[PDB]
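# A structural walkthrough
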2 protein chains.
Amino acid sequence: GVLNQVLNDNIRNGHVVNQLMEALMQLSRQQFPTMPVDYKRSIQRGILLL
Amino acid sequence: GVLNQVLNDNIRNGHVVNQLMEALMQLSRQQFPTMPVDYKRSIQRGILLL
């Protein structure tokens, strides 16, 4: 009888985190041409922490 | 009635800066074969800042 703002049912069963981690691992595997190595290092370490 | 020293009208809009960016990025994508790693590192950091 009451309205509700329900989630997706792909979030309730945590799967979206798999999409996310896949994207993050792709971004780690890529090189940063325009930028130095220390920046890449910092980003990919922060990404591995997660 | 008055003489005026007018800019290009490609400066009055900011589009020159985009060619400047093109140039700086086409420098960031260049190894410096003559010179060591630290020199290149310095330059590429300096132009990332801009």
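Residues numbered from 1 in each chain as written, not as in the entry; some residues may be left out. Chains lettered and ligands numbered in written order. Part of a larger assembly, values for the part shown. Heavy atoms only, no water.

When two helices pack together, their arrangement is given by the angle between the helix axes and by the axis-to-axis distance. All names here are of chain B. Two elements in contact, helix 1 (residues 16-28) and helix 2 (residues 37-48), have axes separated by 10 Å at closest approach and are oriented at 155°. By the angle between their axes, helix 1 is roughly antiparallel relative to helix 2. Crossing geometry of helix 1 relative to helix 2 is assigned as left-handed. Residue-level contacts link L24, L27 and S28 of helix 1 to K40, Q44 and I47 of helix 2. (Axes fitted to C-alpha atoms, helices over the stretch in contact; angles between N-to-C directions. Helix = DSSP H or I, 4+ residues; strand = E, 2+ residues; numbered from the N terminus. Parallel < 35°, antiparallel > 145°, perpendicular 65-115°, else oblique. Left-handed = near helix turned anticlockwise from the far one by under 90°. Contact = heavy atoms within 4.5 Å.)

Let us look at the relation of the copies chain A and chain B. Of the transformation placing chain A onto chain B, the axial shift is 0.2 Å and the rotation is 72°, giving an RMSD of 0.3 Å. Taken together, the rotation angle and the small translation identify this as a five-fold axis. Residues of chain A ranked by C-alpha distance from the rotation axis are headed by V37 of chain A, positioned 9.5 Å from it. (Least-squares fit on C-alpha atoms.)

Further remarks concern unusual backbone geometry. Not every positive phi belongs to a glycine, and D9 of chain A is a case in point at roughly 80°. Examined against the element boundaries, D9 of chain A turns out to sit in the segment before helix 1 (16-29).

In this section: the interface of chain A and chain B. Across the contact, 5 residues belong to chain A and 5 residues belong to chain B. Of the roughly 480 Å² buried between chain A and chain B on both sides combined, carbon and sulfur atoms contribute 58%. The three residues of chain A that bury the most area against chain B are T34, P36 and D38 of chain A, which together make up 80% of that side's buried surface. On the surface where chain A and chain B come into contact, there are 1 salt bridge. Inspection of the region where chain A meets chain B yields 1 residue pair in polar contact. When the residues that make up the side of chain A that touches chain B are grouped by side-chain class, the tally is 3 nonpolar, 1 polar and 1 charged. (Buried area = accessible area lost by both parts, 1.4 Å probe. Salt bridge = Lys/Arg side-chain N within 4 Å of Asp/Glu carboxyl O. Polar contact = N/O pair within 3.5 Å; in protein donor to acceptor, adjacent residues only side chain to side chain. Nonpolar A, V, L, I, M, F, W, Y, C, P; charged D, E, K, R; others polar.)

Overall, the coordinates contain 1 salt bridge over all chains when judged by the stated rule. Of the charged contacts, one joins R45 of chain B and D38 of chain A as a salt bridge, the two residues approaching to 2.9 Å between their closest N and O atoms. In this pair, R45 of chain B is assigned in helix 2 and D38 of chain A in helix 2 (residues 37-48), connecting two distinct chains.

Quick look at the packing of aromatic side chains now. All names here are of chain A. Under the counting rule described, the total for this entry stands at 2 aromatic pairs over all chains. Pairing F32 with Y39 gives two aromatic rings, centres 5.9 Å apart and planes at 55°, and the pair type is tilted. Here the guanidinium or amino end of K40 rests over the ring plane of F32, the centre of that ring lying 5.2 Å away. (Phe/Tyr/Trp six-rings, centres within 6.5 Å; stacked < 30°, edge-to-face > 60°. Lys NZ or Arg CZ within 6 Å of the ring centre and 35° of its normal.)

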